[PDB]
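Report on one structure; see the data block that follows.
4 protein chains.
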Amino acid sequence: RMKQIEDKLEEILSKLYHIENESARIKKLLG
Amino acid sequence: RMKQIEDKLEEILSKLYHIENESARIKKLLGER
Amino acid sequence: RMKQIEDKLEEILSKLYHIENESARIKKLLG
Amino acid sequence: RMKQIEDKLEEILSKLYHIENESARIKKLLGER
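Here it is in structure tokens:
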């Protein structure tokens with residue numbers, strides 16, 4: 001139930017961390 | 001209900017994979033130009 | 001309870017839509 | 001519990017605002033160069 005939502009949320013945040021590093025990379029590649 | 005949640009979380013999820021992809025593309029763009 | 005999670009999820013996806021348009025913009029600005 | 005959820009959702013949330021910001025910055029970058 002709730003464990004299951006959380007667990008998704010833990011995944012989703014992890015995609016969100018990856019998405020930041022990527023943005024961080026692109027800024028560097030830019031200036 | 002708890003199943004509308006589940007669908008939306010899967011949808012959040014695909015949208016995440018989609019955006020990793022669009023940004024990877026650009027990173028890769030710039031990574032030659 | 002659950003209404004409340006959903007409602008957050010509905011918001012979070014909406015930030016995720018905005019984040020795409022932005023990426024879409026940047027690609028355009030790039031090539 | 002249902003409160004670990006709430007914290008993480010707020011954290012997902014700030015991370016969203018953070019990334020809108022980092023991408024807006026770049027859009028704005030490129031928007032002159």
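Protein chains in written order, with PDB author numbering: chain A, 1 to 31; chain B, 1 to 33; chain A', 1 to 31; chain B', 1 to 33. A prime marks a further copy of an entry chain. The C-beta atom is built at its ideal place from N, Cα and C for all residues, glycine as well.
Residue i, buried or exposed, once every other Cβ within 10 Å from all chains shown has been counted against 16
i	result
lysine 8(A)	buried
Beta-carbon proximity of residue i to residue j, cut-off 7 Å
i	j	result
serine 23(A)	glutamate 22(B')	yes
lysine 27(B)	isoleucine 26(A)	yes
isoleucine 19(B')	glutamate 6(A)	no
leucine 29(A)	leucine 29(B')	no
**Item:** Contact set between the region 2 to 29 of chain B' and chain A, restricted to residues whose Cβ is under 8 Å from the partner
**Value:** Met2, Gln4, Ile5, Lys8, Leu9, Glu11, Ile12, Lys15, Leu16, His18, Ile19, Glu22, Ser23, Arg25, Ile26, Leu29
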